[PDB]
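**Student:** Opening with a subset of the complex:
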Amino acid sequence: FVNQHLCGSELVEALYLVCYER
């Protein structure tokens, strides 16, 4: 939603967050 680029470790962090399900 952020209108931000996601690169490197920030892309990694975002992928782990959005792909997670408890």
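**Tutor:** The structure has been received and is ready for your questions. Residues are numbered from 1 along each chain as shown, chains lettered A, B, ... in the order given.

**Student:** For the residue minimising distance to the centre of chain A, give me the backbone phi and psi.
**Tutor:** A centroid search over chain A (CA atoms, centre = their mean) returns residue A:14, at 1.2 Å, as the residue closest to the centre. Main-chain torsions, residue A:14, degrees, to the nearest 10: phi -70, psi -40.

**Student:** Let me know the distance separating the residue lying closest to it once chain neighbours are set aside from residue A:22.
**Tutor:** Nearest non-adjacent residue to residue A:14, counting by CB to CB, 6 or more residues apart in numbering: residue A:6, 5.1 Å away. No exception for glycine: its C-beta is placed from N, CA and C like everyone else's. Note on residue A:6: its distance to residue A:22, by CB to CB, to the nearest Å, is 23 Å.

**Student:** who has more neighbours, these two?
**Tutor:** residue A:6 (12 against 2; other CB atoms under 10 Å).

**Student:** and residue A:5, how many neighbours does it have?
**Tutor:** Other residues near residue A:5 come to 8 when the count uses other CB under 10 Å.

**Student:** Chain B should go on the structure too:
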Amino acid sequence: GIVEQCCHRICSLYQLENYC
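**Tutor:** Let me add chain B to what's already shown:
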């Protein structure tokens, strides 16, 4: 790919989640 869509360009949360 994910880098082209989300790093070089801007991707939505929906687009990012399609790479899970």
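
**Student:** Could you re-examine the neighbour count of residue A:5 with chain B now present?
**Tutor:** 14 (other CB atoms under 10 Å in any protein chain shown).

**Student:** interface residues of chain A facing chain B?
**Tutor:** A:1, A:3, A:4, A:5, A:6, A:7, A:8, A:11, A:14, A:15, A:18, A:19 (CB under 8 Å from any CB of the partner chain).

**Student:** Helices of the chain, start to end?
**Tutor:** No chain in the question, so chain A it is. For chain A, applying DSSP state H gives helices covering A:9-18.

**Student:** please go with chain B instead
**Tutor:** B:2, B:13-17.

**Student:** how about CSV for those helices, with distance to chain A and mean neighbour count added?
**Tutor:** Output for the helices of chain B, formatted as CSV (distance: least, CB to the nearest CB, whole Å; neighbours: other CB atoms under 10 Å in any protein chain shown):
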stretch, distance to chain A, mean neighbour count
helix B:2, 7, 14
helix B:13-17, 5, 13
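
**Student:** So the nearest residue to residue B:11 once chain neighbours are set aside versus residue A:17, what's the distance?
**Tutor:** Leaving aside its sequence neighbours, residue B:11 sits nearest to residue B:5 (CB to CB, 6 or more residues apart in numbering or on different chains; 4.5 Å). For residue B:5, the distance to residue A:17 (CB to CB) stands at 17 Å.
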